[PDB]
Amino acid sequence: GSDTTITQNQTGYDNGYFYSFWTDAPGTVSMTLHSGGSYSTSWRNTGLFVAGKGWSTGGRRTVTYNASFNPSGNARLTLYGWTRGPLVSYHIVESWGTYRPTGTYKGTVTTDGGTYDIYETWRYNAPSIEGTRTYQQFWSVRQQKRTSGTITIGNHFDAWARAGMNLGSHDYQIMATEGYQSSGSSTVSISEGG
């Protein structure tokens, strides 16, 4: 055999790609690690989770992904990442389930054949790569859903910066499946390149 299925919070390297798996509802969600930059998830009556593959150090890299994205309920297909100093999490949302994420609207960016709404939100006393903290979240949310294509990440970072949304030093960067409650599955493949 050889793919590996995991169910407990962890990060690591699998098949040459960084991966992260996090949930507050152990036993209700799992992640299966495939060749290269690919993984699957499955969840049933879950709490909160985020899982994906990518890079332990994020940056402006152009990336291309392909996904099967099958949420029953609230979920997102996202290029997701973290920075420190300042501590920030960001989300480039390509698709979503029942709910389309929003926040304080700060403009749009048109890139990779689509137009994205830019938002800022704050999280208070929440889980983060630095423990329980209060910090900013940055968002680009596509105006129409898609489940494959290229993301020129630098274009998002630049647009955020024009709106005063400043990033710190990069920690990890993954093509993530995010979920809140309900059930579903995904299979996601990510790679550098256009």
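Throughout, we count residues from 1 along the sequence that is shown.
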Give the stretch, out of 131 to 139 and 144 to 152, with the larger mean C-alpha temperature factor in the deposited entry. 131 to 139
Entry-level comparison of average CA B-factors, 7 to 15 and 179 to 187, reporting the higher stretch: 179 to 187
From the list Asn70, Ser35, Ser56, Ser40, select the residue with the highest C-alpha B factor recorded in the entry. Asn70
Against its chain's modelled residues, does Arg61's Cα B factor rank lowest, middle or highest third? lowest
Chain-relative C-alpha B factor for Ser95 (record values, thirds): the lowest
Lowest, middle or highest third of the chain for the C-alpha temperature factor of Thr104? middle
Can you tell me whether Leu77 has a C-alpha B-factor in the lowest, middle or highest third compared with the other modelled residues of the same chain? lowest
Third of the chain, ranked by Cα B-factor, where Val29 sits: middle
